[PDB]
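Chains as they are written, first to last, in the deposited numbering: chain A, 1 to 104; chain C, 1 to 104; chain B, 1 to 104; chain D, 1 to 104.
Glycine included, every Cβ here is placed at the ideal spot set by N, Cα and C.
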Ligand SMILES: Nc1nc2c(ncn2[C@@H]2O[C@H](CO)[C@@H](O)[C@H]2OP(=O)(O)O)c(=O)[nH]1
Ligand SMILES: Nc1nc2c(ncn2[C@@H]2O[C@H](CO)[C@@H](O)[C@H]2OP(=O)(O)O)c(=O)[nH]1
Ligand SMILES: Nc1nc2c(ncn2[C@@H]2O[C@H](CO)[C@@H](O)[C@H]2OP(=O)(O)O)c(=O)[nH]1
Ligand SMILES: Nc1nc2c(ncn2[C@@H]2O[C@H](CO)[C@@H](O)[C@H]2OP(=O)(O)O)c(=O)[nH]1
Ligand SMILES: Nc1nc2c(ncn2[C@@H]2O[C@H](CO)[C@@H](O)[C@H]2OP(=O)(O)O)c(=O)[nH]1
Ligand SMILES: [Ca+2]
Ligand SMILES: [Ca+2]
């Protein structure tokens, strides 16, 4: 059930998969939403050890279960690549500045 | 104990966290309360060197510990961003022209 | 205090508790009053995030302080469940059509 | 994950690169910060067999991850040259007097 723990937010595999599908679709159509224009390139400044190859893109995953549509993104993100492979689930919660930590 | 001091008001991390959670929930839903429509955009006219990125929003934090729900907001504010990250705690107390100064 | 604000109407916790007790008593007795047969099932078409479980029942709360007894219902309603747990306080004021918005 | 170790402080290549960029920028502008006026010339009294040519300049790298801005410098330093090339990472930790030893 609780496959990904981002701070106090708990996400299942289905939650991640649904958010990822939505994010990948916008990327594919070349569309973006929100003040930060998601989805957009994730450069992996944090140096996470992803098993899948780049380029990576970050997209918000909402604790409410709704698909991100331009409103408040919150602290959590799903990261995917050009093959629509899941790189990882990250969050600002527990990190300083605009840095991320991986959800466990 | 006294994590943030706004004038003579002593706030703990828990106090700030509770205030931020209530304010962020309203922002995320797209709702506001009070004659000044909180939470509202904070443009950073004071130039606080926030570690997190904008857009910023200010939400009242009450000295009594009660969560703001529409009355007089007082002088104290918690500033959070769209990522649900705390930017800072500021106050009108001690600021000329009713602007803001940081809570220490 | 002004614990709930439905449009321009201001309600205290006591006002809500009194109205709730009245509606739950009729529900328990299996009786209704008013043109719309109150209390009756609240389907939650609005999809509000209630902390208590369904089924839900809506019952009018009057600004005058009188307990509803079959007259004009007004725009405000208290929503409770089978265990007499308060789900929320909602209103038609500020909403479009026959919809409801939550009182703050 | 521990590219450079100064005593007990663990530094990634990113930590060092970010520290170097900040220090070089100040040298470029002719500006210095802190009581010891950093960045300043490093004369190589320790006789490190650096791979890049002199002149060398020393600049503090903080274990907290923040960029040095004039406060307490700590024991660690990044050494870079006029071509913006990293010469090495050194520390006072484990050395007597005001001498330096290399971080490995
Ligand atoms: N923290 C972080 N930010 C990244 C990364 N890749 C791109 N960014 C963007 O770089 C800037 C500084 O963090 C922000 O615009 C941030 O976008 P988001 O703010 O949308 O994450 C990354 O790997 N880490
Ligand atoms: N002091 C201050 N007021 C702000 C800031 N951002 C928004 N406001 C004020 O908040 C109020 C509601 O939006 C407005 O009066 C707006 O001021 P201005 O009218 O000067 O823009 C800010 O950064 N500092
Ligand atoms: N000090 C103080 N400022 C207030 C109070 N209520 C509103 N304000 C601020 O005073 C400004 C002018 O009336 C308002 O735009 C609002 O700005 P903020 O929302 O930025 O606090 C209050 O009770 N105390
Ligand atoms: N808006 C709304 N009306 C509901 C809901 N559940 C029941 N109703 C009733 O559905 C019909 C259309 O709104 C009305 O009879 C309304 O009753 P009330 O008018 O008594 O609220 C609900 O979840 N939302
Ligand atoms: N240990 C050491 N100090 C140096 C060197 N180059 C300049 N200095 C400065 O020489 C003095 C004697 O150590 C100190 O003021 C020191 O500055 P820092 O303390 O800033 O390193 C060097 O190569 N080694
Ligand atoms: Ca109290
Ligand atoms: Ca030598």
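Distance cut-off 8 Å: residue i Cβ against heavy atoms of ligand 7
| i | result |
| --- | --- |
| residue 88 of chain D | no |
| residue 100 of chain D | no |
Residue i burial status per 10 Å Cβ neighbour count (16 or more: buried)
| i | result |
| --- | --- |
| residue 2 of chain C | exposed |
| residue 27 of chain C | buried |
| residue 58 of chain B | buried |
| residue 15 of chain B | buried |
| residue 60 of chain D | buried |
| residue 76 of chain C | buried |
| residue 98 of chain B | exposed |
| residue 83 of chain B | exposed |
| residue 45 of chain D | exposed |
| residue 9 of chain D | buried |
| residue 81 of chain C | buried |
| residue 72 of chain A | buried |
| residue 91 of chain B | buried |
| residue 55 of chain B | exposed |
| residue 150 of chain D | There is simply no residue 150 of chain D to check, as chain D begins at 1 and stops at 104 in what is shown. |
| residue 23 of chain A | buried |
| residue 88 of chain A | buried |
| residue 104 of chain C | exposed |
| residue 5 of chain C | exposed |
In DSSP terms, what residue i is bridged to
| i | result |
| --- | --- |
| residue 76 of chain A | A/91 |
| residue 101 of chain C | C/91 |
| residue 9 of chain C | C/6 |
| residue 81 of chain D | D/56 |
| residue 86 of chain B | B/80 |
heavy atom of ligand 3 below 8 Å from residue i C-beta
| i | result |
| --- | --- |
| residue 72 of chain C | yes |
| residue 36 of chain C | yes |
| residue 27 of chain C | no |
| residue 92 of chain A | no |
Contact test: residue i Cβ vs ligand 1 heavy atom, cutoff 8 Å
| i | result |
| --- | --- |
| residue 77 of chain B | no |
| residue 31 of chain A | no |
| residue 58 of chain C | no |
| residue 13 of chain B | no |
| residue 17 of chain D | no |
Beta carbon proximity, residue i to chain A, threshold 9 Å
| i | result |
| --- | --- |
| residue 12 of chain D | yes |
| residue 1 of chain D | yes |
| residue 52 of chain C | yes |
| residue 58 of chain C | no |
| residue 28 of chain C | yes |
| residue 42 of chain C | no |
| residue 38 of chain C | no |
Short CB-CB distance (under 9 Å) between residue i and chain C
| i | result |
| --- | --- |
| residue 5 of chain B | yes |
| residue 73 of chain A | yes |
| residue 97 of chain A | yes |
| residue 91 of chain B | no |
| residue 83 of chain A | no |
| residue 34 of chain A | yes |
| residue 18 of chain B | no |
Any C-beta of chain D under 9 Å from that of residue i
| i | result |
| --- | --- |
| residue 45 of chain A | yes |
Ligand 5 heavy atom lying under 8 Å from the CB of residue i
| i | result |
| --- | --- |
| residue 45 of chain D | yes |
| residue 68 of chain D | no |
| residue 82 of chain D | no |
| residue 110 of chain D | Coverage of chain D is limited to positions 1 through 104, which leaves residue 110 of chain D absent and any answer about it impossible. |
Residue i Cβ short of 8 Å to ligand 6 heavy atom set
| i | result |
| --- | --- |
| residue 65 of chain A | no |
Proximity test, residue i beta-carbon vs ligand 2 heavy atom, cut-off 8 Å
| i | result |
| --- | --- |
| residue 4 of chain B | no |
Cβ of residue i within 9 Å of any chain B Cβ
| i | result |
| --- | --- |
| residue 122 of chain C | Since the first residue shown for chain C is 1 and the last is 104, residue 122 of chain C is missing from the structure and cannot be characterised. |
| residue 94 of chain C | no |
| residue 69 of chain C | yes |
| residue 31 of chain C | yes |
**OP:** Write down every uninterrupted run of the beta strand (DSSP E) in the region 20-57 of chain D whose length is 3 residues or greater and which is fully enclosed by it, in chain order.
**Re:** Listed in chain order, they are 40-42.
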